[PDB]
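Chains as they are written, first to last, in the authors' numbering: chain A, 10 to 79, 85 to 134; chain A', 10 to 79, 85 to 134. A prime marks a further copy of an entry chain.
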Ligand code: FES
Ligand code: FES
């Protein structure tokens with residue numbers, strides 16, 4: 010039912026301080042009691058789980074909350095999961111693009127401020 | 010011959026403070042004079058140029074210096095340029111790999127701590 014900060018932590022593989030962070034950026038929330046004695050809900054593990062994946066996928070921490078704006087059913091996950099992949103892919107290509115800029119420049123070596131793609 | 014900090018800056022597109030940084034991490038060097046009146050050498054533009062590309066390629070700032078250990087002739091560039099590309103590529107795939115982990119998990123949505131690749 011209600012998990013202690015230390016519990017969510019040990020079971021989500023992240024420091025308590027992170028749950029704080031993830032709380033400051035308003036990604037997860039708590040329910041104080043008897044002298045602000047905080048606590049979290051079962052599902053919370055699911056979020057942090059998703060949050061990590063998200064970070065691992067390269068999604069900026071902010072854009073996380075934004076997509077966290079639209085019971086974390088596989089239906090919902092389908093969403094964040096996709097928008098994020100599609101995002102990952104966009105990045106993937108940006109590098110593949112840079113990889114190519116490199117490919118050309120290697121044999122060159124002019125590093126011309128004026129014309130070298132790597133330089134622009 | 011000798012470029013003022015402000016000159017290397019305006020012509021390399023980076024703040025003077027960066028040349029400082031790039032000097033702290035020992036990537037470029039200066040030649041004080043008449044009351045520590047610093048100054049840089051012609052070639053220095055070339056380095057910073059390379060440094061930026063490097064950063065743009067994703068190469069960690071440290072590993073820059075290390076590869077800066079082995085007249086910046088197209089011969090030399092061939093080196094750093096390659097080791098870096100080869101590096102970029104390795105990264106490129108790591109994501110393509112993650113992209114796939116995602117691809118599978120999307121339709122799922124179990125986010126099982128136990129078995130979900132995205133989770134490990
Ligand atoms: S190094 Fe000459 S085109 Fe880039
Ligand atoms: S969400 Fe089920 S395998 Fe990853």
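Cβ coordinates follow ideal geometry from the N, Cα and C atoms, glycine included.
Excluding the 5 residues preceding and the 5 following residue i in the sequence, name in chain order all residues of the same chain whose CB lies nearer than 6 Å to its CB.
i                       : result
residue 40 of chain A   : 48
residue 82 of chain A   : Residue numbering in chain A breaks between 79 and 85, and residue 82 of chain A falls inside that break, so it has no position here.
residue 84 of chain A   : Here chain A breaks off after 79 and picks up again at 85, leaving residue 84 of chain A without coordinates.
residue 45 of chain A'  : none
residue 23 of chain A   : none
residue 113 of chain A' : none
Near residue i, what residues of its chain come up, given a Cβ to Cβ distance below 7 Å and the 5 sequence neighbours on each side ignored?
i                      : result
residue 125 of chain A : 133
residue 42 of chain A  : 48
residue 58 of chain A' : 21
residue 15 of chain A' : 25
residue 83 of chain A' : Coordinates for residue 83 of chain A' are absent, as chain A' skips straight from 79 to 85.
residue 30 of chain A' : none
residue 95 of chain A' : none
Under 8 Å by Cβ, that's how I've got residue i and residue j pegged, so tell me the actual separation to the nearest angstrom.
i                      : j                      : result
residue 101 of chain A : residue 68 of chain A  : 6 Å
residue 17 of chain A  : residue 53 of chain A  : 6 Å
residue 76 of chain A' : residue 64 of chain A' : 13 Å between Cβ atoms; not a contact.
residue 99 of chain A' : residue 117 of chain A : 7 Å
residue 62 of chain A  : residue 73 of chain A  : About 10 Å separates the two Cβ atoms, so there is no contact after all.
residue 34 of chain A  : residue 70 of chain A  : 6 Å
Spatial neighbours of residue i within its chain, please: CB distance less than 8 Å, with the 5 preceding and 5 following residues excluded, ordered by chain position.
i                       : result
residue 130 of chain A' : 119, 122 and 124
residue 127 of chain A  : 133
residue 10 of chain A   : 50 and 51
residue 86 of chain A'  : 52, 55, 56 and 59
residue 32 of chain A   : 38 and 39
residue 93 of chain A   : 76 and 79
residue 66 of chain A'  : 98, 99, 101 and 102
Measuring from the CB of residue i, is there a heavy atom of ligand 4 at a distance below 7 Å?
i                     : result
residue 10 of chain A : In terms of ligand content, the structure shown lacks ligand 4 and carries ligand 1 and ligand 2 instead.
Heavy atoms of ligand 2 versus C-beta positions, residues under 7 Å: Those satisfying the condition are, in chain order, A':118, A':119, A':122, A':123, A':124, A':125, A':126, A':129, A':130, A':131, A':132 and A':133.
Cβ contact check for the stretch 94–109 of chain A' and the stretch 94–113 of chain A: 3 or more pairs under 8 Å: Per the Cβ contact rule, the stretch 94–109 of chain A' is in contact with the stretch 94–113 of chain A (3 or more Cβ pairs under 8 Å).
Contact set between the stretch 35–63 of chain A and chain A', restricted to residues whose Cβ is under 9 Å from the partner: From the stretch 35–63 of chain A, only 54, 55, 58, 59, 61 and 62 have a Cβ closer than 9 Å to chain A'.
Interfacial residues, the stretch 105–123 of chain A' to chain A, with Cβ spacing under 8 Å: Using a CB distance below 8 Å, the part of the stretch 105–123 of chain A' facing chain A consists of 105, 106, 109, 110, 112, 113, 116, 117, 119, 120, 121, 122 and 123, ordered along the chain.
Where the stretch 92–103 of chain A' meets chain A: residues whose CB sits under 9 Å from a CB there: Near chain A, meaning a CB-to-CB distance below 9 Å, the residues of the stretch 92–103 of chain A' are 92, 95, 96, 98, 99, 102 and 103.
Contact list for the stretch 19–35 of chain A' against chain A, Cβ threshold 7 Å: Of all residues in the stretch 19–35 of chain A', none has a C-beta nearer than 7 Å to a C-beta of chain A.
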